[PDB]
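Here you get one chain, nothing else, as structure tokens; it is the form whose entry title says "outward-facing".
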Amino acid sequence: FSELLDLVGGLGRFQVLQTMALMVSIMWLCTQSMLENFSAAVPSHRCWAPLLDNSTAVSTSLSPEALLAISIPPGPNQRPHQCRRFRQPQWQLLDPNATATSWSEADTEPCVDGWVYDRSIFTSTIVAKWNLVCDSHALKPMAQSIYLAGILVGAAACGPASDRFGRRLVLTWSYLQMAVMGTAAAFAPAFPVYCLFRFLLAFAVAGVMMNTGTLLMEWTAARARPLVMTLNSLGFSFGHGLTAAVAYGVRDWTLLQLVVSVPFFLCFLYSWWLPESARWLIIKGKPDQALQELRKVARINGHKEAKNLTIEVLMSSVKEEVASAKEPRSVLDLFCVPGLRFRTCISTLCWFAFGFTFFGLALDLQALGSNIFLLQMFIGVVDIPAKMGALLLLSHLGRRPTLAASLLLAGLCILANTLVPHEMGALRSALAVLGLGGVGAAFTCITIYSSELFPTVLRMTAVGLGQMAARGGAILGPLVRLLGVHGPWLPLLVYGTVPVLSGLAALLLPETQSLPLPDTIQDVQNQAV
């Protein structure tokens, strides 16, 4: 196929514009994913109580601190209780000589009259709206789980659909669905409906995530392919800074969700100017349209010599590739073909390790300071140089050793954190930073490597199974944190051993530097032969 890119232009005006345009969309998609930290923030809260919240109440010489103490009991947070109030105002407790033994817990009652929330940081959040607190607190992480499950199912659906119906088509309608469902989620009347809309938004997030990178890779020259995929991966790094910047300005969750959703109507509108993947079209047996896509890209690059391409030349270039594609395929053929099965197992294991570890490390970084927006920005600032380094290594060393080294570094940082006491807080901070660097670089290596390992006929099915595994790991992540009751080291041991073990397993995967992309399963067998 590459001769056609050499005629059309494998790097130039078109690829420059395309990479820029798709990277920006990935930035906004990253905001959509990370929005939970600001849309669903838990502000400090207490029960509503007469002496504090009845604005008609009579004045006294008491201070607000004393008035609060008279009404809300002290709680386990070494601060006023968040879920109880006194059944009768405790005038006996105004005396500073009084003791906690003076009142029974039967003298308290739950927040029957509702909650009061702190507005000093956020004007409103879904937590403050639907009272996802106290006995209902489990609903706040349920939303994150439902979003991640939405991405899991969306990958499962969009992979085969992308291989069957095209790259750009599914990308376009994924953009539309993201816009519509994010806008709908911003105006949800009730929590179940909010969960439904977030789920349907994630279902499309999966399609954008998958199609953008593959569509970039299938239109780019060999030497530029790692750089282009690295820029697409840096879209997320800038998306973290963008999330911090936007969430700093907009403090209402409805307005914030709407603001991060509206851009996707523009993404939908400008996606129609993109070409469909000509490589895929040829391999599907549709050269008559692939010619139009190719001369479209030639026209963008400025090549007036596009007349050199006709169906004659295209077919004479690609007939022996196309002759193999007579039979239909399925995800089942990733597991009942000799060569593809092992690549599948090890690739899926690496994707699972990435997803399983990343969302734990991203929150481990939250101990590094007291400002939530700054600590969101740092997730990107830590990631930018890590992915530049990943590009340098992946250029000079190849895919296999770079992936192995990155995942091993992540897992070894996690495991090293078990041996360092909090007295050495500087060291624990350094190791957390290195862990985030390792997983961020491993994401780049995974994205590039698992696209080269699989043929064009089934590339997106494979990438979709990888995404499924990643989101399954992300969902399992929080559950592993429950093990800490047996010992605080155990969750860290488990978080660390998976990336170490998968990084070691990556060493068994075949190298792909300086090879053509495979286009048919026969190519995967031929490579082994």
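Definition used throughout: the rigid core is the maximal C-alpha set that superposes within 1.5 Å between two forms. All residue numbers are counted from 1 along the displayed sequence.
Same protein, other form: the form whose entry title says "inward-facing", not shown, and the subject of what follows.
A.B. asks: Core-aligned, between this form and the one not shown, one residue among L200, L391, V180, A186 moves its CA by 2 Å or more. Tell me which.
C.D. replies: With the rigid core fitted, the residue that moves is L391.
A.B. asks: Please say whether, between this form and the one not shown, the C-alpha of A426 moves by 2 Å or more once the core is aligned.
C.D. replies: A426 C-alpha, core-superposed: shift of 2 Å or more.
A.B. asks: Core aligned, does the CA of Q366 move at least 2 Å between this form and the one not shown?
C.D. replies: It does shift by 2 Å or more.
A.B. asks: After the core is overlaid between this form and the one not shown, has the C-alpha of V42 moved by 2 angstroms or more?
C.D. replies: Shift of 2 Å or more: no.
A.B. asks: Have a look at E452 and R13: in that other deposited form, are their Cα atoms closer together or farther apart than in this form, given the change is 3 Å or more?
C.D. replies: Relative to this form, farther apart in that other deposited form.
A.B. asks: Regarding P141 and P491, go with closer or farther for their CA spacing in that other deposited form versus this form, the difference being 3 Å or more.
C.D. replies: They are closer; the C-alpha distance drops by 3 Å or more in that other deposited form.
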